[PDB]
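First the structure, in the form of structure tokens, and then the observations on it.
Please note: Cβ atoms are built from the backbone with ideal geometry, for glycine as well, and neighbour counts cover all protein chains shown. Values quoted throughout were computed directly from the atomic coordinates according to the rules given, and no laboratory measurement underlies them.
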Amino acid sequence: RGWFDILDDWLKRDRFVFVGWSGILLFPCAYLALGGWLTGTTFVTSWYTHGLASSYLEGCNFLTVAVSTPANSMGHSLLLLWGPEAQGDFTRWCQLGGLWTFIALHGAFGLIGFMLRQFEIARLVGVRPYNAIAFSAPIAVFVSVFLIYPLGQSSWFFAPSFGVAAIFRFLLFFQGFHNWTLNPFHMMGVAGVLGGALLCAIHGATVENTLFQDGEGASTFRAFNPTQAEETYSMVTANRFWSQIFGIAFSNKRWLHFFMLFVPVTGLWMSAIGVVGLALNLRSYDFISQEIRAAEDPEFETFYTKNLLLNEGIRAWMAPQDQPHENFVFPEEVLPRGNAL
Amino acid sequence: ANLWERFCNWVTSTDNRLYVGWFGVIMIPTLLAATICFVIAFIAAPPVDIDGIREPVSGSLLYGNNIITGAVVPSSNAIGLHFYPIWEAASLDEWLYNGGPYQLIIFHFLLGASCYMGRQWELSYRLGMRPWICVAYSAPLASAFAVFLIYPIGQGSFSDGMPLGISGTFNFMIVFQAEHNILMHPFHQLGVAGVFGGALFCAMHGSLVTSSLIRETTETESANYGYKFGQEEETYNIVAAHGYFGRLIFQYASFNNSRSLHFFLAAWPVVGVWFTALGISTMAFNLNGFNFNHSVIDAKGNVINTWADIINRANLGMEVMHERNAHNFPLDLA
Amino acid sequence: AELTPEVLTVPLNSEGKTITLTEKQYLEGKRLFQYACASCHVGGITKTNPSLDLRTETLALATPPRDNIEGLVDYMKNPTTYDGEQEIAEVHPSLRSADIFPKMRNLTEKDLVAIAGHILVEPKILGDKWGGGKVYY
Amino acid sequence: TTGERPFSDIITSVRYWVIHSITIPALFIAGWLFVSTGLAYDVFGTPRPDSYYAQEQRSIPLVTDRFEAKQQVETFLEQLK
Amino acid sequence: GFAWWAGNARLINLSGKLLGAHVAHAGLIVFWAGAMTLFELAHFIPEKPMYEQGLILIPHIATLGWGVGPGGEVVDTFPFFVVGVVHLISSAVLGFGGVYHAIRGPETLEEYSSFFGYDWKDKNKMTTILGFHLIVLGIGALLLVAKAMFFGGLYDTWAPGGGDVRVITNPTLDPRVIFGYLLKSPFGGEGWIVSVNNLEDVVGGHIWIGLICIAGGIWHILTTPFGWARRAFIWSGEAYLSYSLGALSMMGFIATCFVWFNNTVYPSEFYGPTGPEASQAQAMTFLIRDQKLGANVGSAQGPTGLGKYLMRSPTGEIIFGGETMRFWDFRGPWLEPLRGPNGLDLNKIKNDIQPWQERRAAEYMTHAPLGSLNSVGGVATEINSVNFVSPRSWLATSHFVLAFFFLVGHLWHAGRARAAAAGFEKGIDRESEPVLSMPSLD
Amino acid sequence: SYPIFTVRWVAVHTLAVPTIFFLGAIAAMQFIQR
Amino acid sequence: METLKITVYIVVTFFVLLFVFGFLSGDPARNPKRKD
Ligand code: CLA
Ligand code: CLA
Ligand code: CLA
Ligand code: CLA
Ligand SMILES: C=Cc1c(C)c2cc3nc(c4c5[nH]c(cc6nc(cc1[nH]2)C(C)=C6CC)c(C)c5C(=O)[C@@H]4C(=O)OC)[C@@H](CCC(=O)OC/C=C(\C)CCC[C@H](C)CCC[C@H](C)CCCC(C)C)[C@@H]3C
Ligand SMILES: CC1=C(/C=C/C(C)=C/C=C/C(C)=C/C=C/C=C(C)/C=C/C=C(C)/C=C/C2=C(C)CCCC2(C)C)C(C)(C)CCC1
Ligand SMILES: CC1=C(/C=C/C(C)=C/C=C/C(C)=C/C=C/C=C(C)/C=C/C=C(C)/C=C/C2=C(C)CCCC2(C)C)C(C)(C)CCC1
Ligand SMILES: CC1=C(/C=C/C(C)=C/C=C/C(C)=C/C=C/C=C(C)/C=C/C=C(C)/C=C/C2=C(C)CCCC2(C)C)C(C)(C)CCC1
Ligand SMILES: [Cl-]
Ligand SMILES: [Cl-]
Ligand SMILES: [Fe+2]
């Protein structure tokens, strides 16, 4: 009955919000990441890091507001409040982009905390820890995109800024500079996310339309009982229906629900791998066969070459405002443009 | 015993390995026409003058494409929204140049896909099921109508419906962004929310059921063998799943009613994707995403850029480069 | 930076006399300019003849010079081609043609000055953007 | 079911609204003042509409040194005084 | 059986309360027509085109010939006011009948009067109600014919002189014209019924539809459904709602294409130019500009080798070049003077373009139906300045959405109707699962 | 016989107290003018 | 081409009529529960 156990006792009490040992890491870090984002989006500028306005205070709306990344000149500085850049000055710290690192790092440690929470509760309750395992997928994405990617580049500046439209810009950057749509690891992620949404919708609909009649009312929700032993819908009729509409169907409820975990988890993991390649500018940018033929044959044209022209438009038209530290000056006459436009 | 009656019984028979049905009577020939023409065109169609400027784009494998770059190319801008069946061409050589195969394939597919949805209603009736699976499927179906029919109708040309290929898809979505700012459109944002949320809830539901499977097996065998097809008892403990997830968040944000839970699974990505289909369908009539270009200015009136303005620099690069020989006047109005 | 009298100060005429607009007049002219003009002249370009813009240096080389309140107010009454050679009231909105261009009907004389003032002030604020087109968006 | 007091029972309770019909406007007002007093600008370093540029300036005051960065924005800020 | 969120299904067999719901909802419809009109009028400025002003109801009234004169000049705003007031006042009476019948009046009607009472499964009674409404609809379409021919006429964008209100003296009656539209292809250059381009055909069709609806309304009062109909349909209140949902959905998609393409019953003077119109107009504008400078637009080879200003359609007609080659089916009153039999005529182009045509083209070009959801006009890359989204976009997009969900609603209610009719809408009977009594597929 | 102050009490106020404050600050902001 | 056109009109018409008459043939009654 030492103090350690007394604390364990208290941390693991059944209450409206379970705390647990993982609570000690989760709750401060989750609350700080989230408070930093609301604080910066309400009050803090990106004028000195990006030449952008980015808070409600400056005139931005929910779509355009963001906690932006530090200036390229910070490199990968941890940008600690007490560090050599801001030197304890809260105000300067904000102005130099210190809230980005605050949010990214407290967020990483909250994610760990949350995954430890899934592990802690699963152990206390007596269930298998497959929900913690599935949550590895979000983690991979977050670390690869917000940490590994800009660590392979010149600075945090080129990580995603925390904002709706800042993220849209990140999407478009990756098309023009990395040709990310062409990347087979992104395509595998696409198929996992879309395949996940499909599975989600097809499994819910199927259950709802093979229900057993277990009550008299037109509202069928009332006729389930959390503790009934009986399946509430017919796997058998569900299986014949899909075998006859689609050719194949699930027959194993256990396989089905594992497949539902497997598909979206795997796809997110594949896309994380691809982003690690782009950390290094290791892109699937080109097909060498196409380029050789196109250079020699001015009549040969594909959707592959058309999209590279668009990427070239993107880079030159957005680079100078998007990378202000580079002092890109592109006089009118060097901008790629088609006819009239 | 009558001849028509025996035909009708075979069409609607619940004993064919694949259900036919009256919707099937139209679906099968049209999906076969679309599929066969697709396969041949993808492998072997010669280049197609999509933009009507006598600048043919090669889409097939034998004309120097791979699986990722290939496509059935949309039909010529010279045709616009005109119906261009084979018998309207002076020859197959003309029909191939102007992109006839695209029309054939899309019209047959959209018909056959529409009957696919009907077929889903129909078999549900023959089997004594509830009927609304087909409603779930209307979301993807709607999405296909938008990129192959509604957007072409609003923009005046099938040259601007989505190519039938991997890289052509990307072309279509880049040009859309340049012209409509789809990322800044709320209905597209609800599509992402429906798709991200769908993948999330897919993973959640699959991991919760999987976590609460009842021990029915040994370490040396797939747990999947703990469920036998058609057993009457449930194969997991939902109260255990509820008890874990309720504590993970808090009790009242977790489902203990499996019917509510499975209806929620159905509605979230269906509705999200209706909205995103509606996004393409309304941007087809050029009601575009929010425009905050130069919305922030200072006391003097300098423009103070935001992320919206950076997005606009990117959209501009797409704009000025797409279909680089096809514009003779300063505004790309369709 | 702010909207100071030195920026709100623009040529009245070609003699070289000046007038200092009020903030009011400036914003009055901006609004009136969006109402009657921006459909073709958003950002100081001319959507229907992009070869002619509202930059000060272009207006300065128009015949008669239009880089001043007098020239611009006059143009709004009796528009001409750039070389002054033909009157184009039939195809350009003007008080002279307010019967076919109905938006010009409720424009008073001081509205014209606010509009001419806006046109001359905005380049001092926005620089190359004014009349530069999408390259500078 | 865990022994805290039910939410529905607190927010219909007269004692609850006696406190929170003060505490909620006081907080809303306090937030107001933080902005209307100008304090939020000074705390966070956020430019006022009149202080993004110097009058004739069109250069962004972009930080370009890591360890001199603090000194840079202070220099850019007195180039407005 | 039903929960609160499906609580209106509790009215299926309460004819009197369900009457109140319908009449009260009809009151909401009339209310909005009234209030919305008064709003638009209150905000209306006559010197500005209607389409710069976010107006959708004034243009429908103008189109009936009220308040406008030649060219669409608004000459009298009082018809607008009247239309708004009378609608708004009428909604109180319908509101009144609605609340009464939903709250106080008899829950069920079939006891009060044997006339107003109905049972969904009474095929005779149902076809009789249908016939009454068919006659009403038929009367209504004749009202429009009466306006056109005997009470001031309609606005005619095609009238010589820039457009004008015009009485329709010779409505088209030839059924080869009228029904010919119904058999034209919906594809480009044809356009099914959306391609109607003259008020004589508009008025003539409404004569026919009026007679057809009255005839069929009398038919359905006099008959009961034949057996082939009895056996092919489901006869229930939800079934009938599903049939109407399908029909409203189809109608909504048609209306979408009507307001997007048709510039006759949606005159461009009021609604703004169509997408094709604005696109043709830009090519006209630069043809005009370049020719004044001395360009020979006929002989000018653009980059691709196609004409920079003029080219041929796939059937040879001379048309506008650039991307607008897709819109060569466009026909508008500002453009038709330049057309000969081979299409655009090069000698009229060189010689006979008028200022009013130059003006119309500049205006329509700069009012193309492109704009952001927050009403910034122009292409998605344009800067703020011009507050504008075309009425045609607002009307097209809204009715595509509504049409779509009504189609979803048709599938929802049709499939439920079928399942309820067969007795398995609440789920599968465990003791009699149909699949468990079928042979296995393999 | 319920407690007034709990872990629950705290988590709620941890969020709701700055939420209102922030809504006040943002409300004022709609009235800022350049 | 004209022969192709006839053939398709014929093929399409045929399938569309199978569809129309198939559902006219008492489709409500082809379910596993209640037949009428
Ligand atoms: C003529 C039109 C019509 C009619 C009369 C009915 C009638 C009915 N429907 Mg159907 N339905 C329709 C159209 C129609 N529907 C359409 C178009 C769809 C597709 C979306 C559906 C989809 C549908 C479903 C899925 C279901 C019904 C059901 C029902 C029944 C109960 C409905 C109820 O109580 O709603 C109560 C009303 C509400 C719960 C409020 C809904 C509010 C909507 C979702 C929000 C819209 C927001 C608005 C656009 C913008 C917000 C602005 C903001 C400021 C407020 C009833 C018989 C139920 C049924 O089958 O019963 C037999 C049922 O389950 N309907
Ligand atoms: C167009 C919208 C519409 C209409 C016309 C109706 C109409 C009706 N509903 Mg439905 N309902 C609707 C929308 C609508 N509902 C929506 C959106 C929902 C989702 C929340 C529901 C959910 C719902 C449920 C759950 C139930 C109904 C029921 C009913 C009926 C009985 C209600 C009753 O007795 O009220 C009693 C209410 C009052 C006495 C309160 C006052 C209401 C009045 C009408 C307010 C009017 C104020 C107005 C300004 C006055 C102008 C007066 C002037 C013209 C003289 C009635 C016919 C009930 C039913 O079927 O009963 C059998 C029922 O159980 N409805
Ligand atoms: C189409 C909608 C509709 C329908 C089917 C009914 C049906 C019914 N109502 Mg209801 N009612 C309605 C609308 C409707 N009413 C409206 C809009 C109001 C408000 C004015 C009322 C107010 C009302 C009251 C106060 C009462 C009823 C009663 C009745 C019942 C007896 C009717 C009778 O004998 O009338 C006798 C018939 C006549 C006197 C002939 C009237 C001729 C009408 C007014 C002219 C019709 C012209 C045209 C259709 C209107 C369009 C004009 C406009 C577009 C400008 C019957 C079931 C009574 C009832 O149920 O008691 C239990 C009752 O007390 N109704
Ligand atoms: C609101 C409108 C309406 C409604 C709902 C009904 C409903 C009905 N009618 Mg009535 N009818 C109406 C108006 C209406 N009618 C009018 C105005 C007339 C006068 C011309 C008639 C004349 C009439 C007759 C003569 C008969 C009916 C019959 C029937 C019943 C069978 C309907 C059926 O099977 O159709 C299904 C339709 C078909 C099986 C064939 C349709 C084929 C066409 C070509 C489809 C084309 C669709 C296409 C996509 C759109 C383009 C149109 C095309 C022409 C270009 C049903 C109760 C029958 C009955 O039992 O009456 C006692 C009957 O014999 N109706
Ligand atoms: C953008 C999409 C997206 C979001 C928003 C999201 C969100 C979430 N997923 C969770 C869970 C999950 N996600 C899962 C699978 C997936 N999740 C996906 C995509 C997402 N998942 C996908 C596609 C999948 C499929 C594999 C699973 C399987 C789970 C869970 O088990 C769990 C859950 O319970 O779901 C119900 C929750 C974790 C809560 C938490 O950590 O609290 C603690 C909060 C912390 C630690 C703070 C993190 C701070 C972040 C990382 C940085 C700062 C962010 C800013 C505040 C906001 C910036 C916003 C701008 C960018 C616009 C949370 C609601
Ligand atoms: C950073 C930092 C910190 C902290 C901080 C914090 C922690 C904060 C918090 C904050 C917060 C905590 C905030 C909040 C706010 C909120 C908000 C601002 C909200 C909003 C909302 C809204 C607006 C909503 C609305 C709506 C909508 C929109 C839709 C739907 C419905 C609703 C109603 C929901 C410290 C000190 C450590 C220091 C360092 C730095
Ligand atoms: C049943 C029910 C319901 C419904 C309701 C309804 C829908 C109602 C209706 C109602 C209505 C529908 C109403 C109406 C009203 C109106 C009125 C009452 C009007 C009046 C007006 C006036 C008075 C006018 C005046 C004027 C003039 C004369 C001139 C100009 C100006 C003015 C405007 C001033 C609900 C959902 C709620 C719920 C449940 C039950
Ligand atoms: C006014 C007008 C006009 C005229 C119009 C007309 C004359 C119309 C007609 C219309 C019509 C006359 C329509 C028709 C309709 C029909 C329908 C739409 C049908 C439907 C059907 C169905 C839906 C069926 C179903 C089924 C089947 C198929 C099988 C068995 C089962 C059942 C029965 C379900 C015009 C253009 C000149 C111009 C402008 C104005
Ligand atoms: Cl392109
Ligand atoms: Cl062009
Ligand atoms: Fe499940």
Of A:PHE224, A:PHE212, A:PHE177, the only residue that is more than 16 Å from ligand 7 (Cβ to nearest atom) and either within 30 Å of B:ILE28 (Cβ to Cβ) or within 32 Å of the chain's Cα centre (by Cα) (or both) is A:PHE177
Please go through segment B:1-17 and give me each residue that is in a loop (DSSP other than H, G, I, E, B), within 7 Å of another protein chain (Cβ to nearest Cβ) and over 17 Å from B:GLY128 (Cα atoms), ordered by number.
B:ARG17
Scan B:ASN291, B:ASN286, B:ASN312 and give me the residue that is within 30 Å of the chain's Cα centre (by Cα), at positive phi and away from ligand 1 (no atom under 16 Å from the Cβ).
B:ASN286
Pairing a residue in segment F:9-30 that is within 16 Å of ligand 5 (Cβ to nearest atom) with any residue that is not aromatic (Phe, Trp, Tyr), where Cβ atoms lie under 7 Å and the two sit 6 or more apart in sequence or on different chains, gives F:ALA11/A:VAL17; F:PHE22/A:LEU38; F:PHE22/A:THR42; F:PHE22/D:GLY31
Scan segment E:230-248 for residues that are surrounded by 13 or more Cβ atoms within 10 Å (Cβ to Cβ), farther than 16 Å from E:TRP120 by Cβ and free of Cβ contacts under 8 Å to residues at least 24 places away in the same chain and report the count.
2
Filter result for D:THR1 (within 14 Å of chain F (Cβ to nearest Cβ), among the hydroxyl-bearing types (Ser, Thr, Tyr) and in contact with a helix residue (DSSP H, G or I) (Cβ under 6 Å, 6 or more places away or on another chain))
no
If I ask for residues that are within 7 Å of chain B (Cβ to nearest Cβ), touching a strand residue (DSSP E or B) at 6+ places or on another chain (Cβ under 6 Å) and among the aliphatic types (A, V, I, L, M), which ones from segment E:379-434 would you list?
E:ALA380, E:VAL389, E:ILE428
Within segment D:15-37, does at least one residue satisfy the condition of being surrounded by fewer than 15 Cβ atoms within 10 Å (Cβ to Cβ), of a type in the set (S, T, N, Q), over 22 Å from A:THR42 (Cα atoms) and touching a residue at least 12 places away in the same chain (Cβ under 8 Å)?
no
On the given criteria, is E:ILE218 in contact (Cβ under 8 Å) with a residue 12 or more places away in the chain, away from ligand 1 (no atom under 16 Å from the Cβ) and buried (at least 16 other Cβ atoms within 10 Å of the Cβ)?
no
Answer residue from segment B:242-283, given it is part of a loop (DSSP other than H, G, I, E, B) and in contact with a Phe, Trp or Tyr (Cβ under 8 Å, 6 or more places away or on another chain) and is nearest to ligand 2 (Cβ to nearest atom) among those
B:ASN257
How many residues are within 12 Å of another protein chain (Cβ to nearest Cβ) and either assigned to a loop (DSSP other than H, G, I, E, B) or crowded, with 21+ Cβ neighbours inside 10 Å (or both) if we restrict to segment B:31-45?
0
Out of all the residues in segment C:36-55, which are out of contact with any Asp or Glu (no Cβ under 7 Å at 6 or more places or on another chain), in contact (Cβ under 8 Å) with a residue 12 or more places away in the chain and under 21 Å from B:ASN328 (Cα atoms)?
C:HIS41, C:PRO50, C:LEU52, C:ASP53
Could you figure out which of (1) surrounded by fewer than 19 Cβ atoms within 10 Å (Cβ to Cβ); (2) touching a residue at least 12 places away in the same chain (Cβ under 8 Å); (3) not in a helix (DSSP H, G or I) isn't true of E:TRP66?
(1)
Can you give me the number of residues within segment A:221-269 that are away from ligand 2 (no atom under 16 Å from the Cβ) and either assigned to a helix (DSSP H, G or I) or touching a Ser or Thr at 6+ places or on another chain (Cβ under 6 Å) (or both)?
34
Unique match (being among the charged types (D, E, K, R) and more than 32 Å from the chain's Cα centre (by Cα)) among A:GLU291, A:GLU326, A:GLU312:
A:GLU291
Scan of segment D:34-44 for residues that are more than 10 Å from the chain's Cα centre (by Cα) and more than 8 Å from chain F (Cβ to nearest Cβ), ordered by number:
D:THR37
Would you tally the residues in segment B:140-150 being surrounded by fewer than 24 Cβ atoms within 10 Å (Cβ to Cβ) and either facing another protein chain (nearest Cβ under 9 Å) or touching a residue at least 40 places away in the same chain (Cβ under 8 Å) (or both)?
7
Of all residues being in contact with a strand residue (DSSP E or B) (Cβ under 8 Å, 6 or more places away or on another chain) and either facing chain D (nearest Cβ under 10 Å) or within 19 Å of F:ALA27 (Cα to Cα) (or both) in segment A:19-44, which is nearest to ligand 7 (Cβ to nearest atom)? Just the residue, please.
A:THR41
Being over 25 Å from the mean Cα position of the chain (by Cα) and either loosely packed, with under 13 Cβ neighbours inside 10 Å or not aliphatic (A, V, I, L, M) (or both) narrows it down to one residue among E:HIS87, E:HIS101; which is it?
E:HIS101
Based on this model, can you work out whether A:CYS94 counts as within 13 Å of ligand 6 (Cβ to nearest atom) and surrounded by 24 or more Cβ atoms within 10 Å (Cβ to Cβ)?
yes
Inside segment D:54-78, can you point out the residues that are more than 22 Å from A:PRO70 (Cβ to Cβ) and either assigned to a loop (DSSP other than H, G, I, E, B) or within 12 Å of chain A (Cβ to nearest Cβ) (or both)?
D:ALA54, D:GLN55, D:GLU56, D:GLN57, D:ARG58
If you scan segment A:214-235, which residues turn out to be surrounded by fewer than 19 Cβ atoms within 10 Å (Cβ to Cβ) and farther than 16 Å from B:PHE263 by Cβ?
A:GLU216, A:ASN225, A:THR227, A:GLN228, A:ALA229, A:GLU230
How about segment E:160-183: which of its residues are surrounded by 15 or more Cβ atoms within 10 Å (Cβ to Cβ) and assigned to a loop (DSSP other than H, G, I, E, B)?
E:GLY162, E:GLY163, E:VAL167, E:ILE168, E:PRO171, E:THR172
Of E:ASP201, E:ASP174, which residue is at negative phi, under 19 Å from the mean Cα position of the chain (by Cα) and away from chain B (no Cβ under 14 Å)?
E:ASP201
Do we have A:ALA137 as part of a helix (DSSP H, G or I), under 22 Å from A:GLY274 (Cα atoms), facing chain B (nearest Cβ under 8 Å) and hydrophobic (A, V, I, L, M, F, W, C) here?
yes
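Condition check ((1) away from ligand 2 (no atom under 16 Å from the Cβ); (2) within 14 Å of chain A (Cβ to nearest Cβ); (3) within 30 Å of C:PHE101 (Cβ to Cβ); (4) in a helix (DSSP H, G or I)) across all residues:
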residue: E:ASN13; (1), (2), (3), (4): no, yes, no, no
residue: E:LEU19; (1), (2), (3), (4): no, no, no, yes
residue: E:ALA35; (1), (2), (3), (4): no, no, no, yes
residue: E:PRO46; (1), (2), (3), (4): yes, no, yes, no
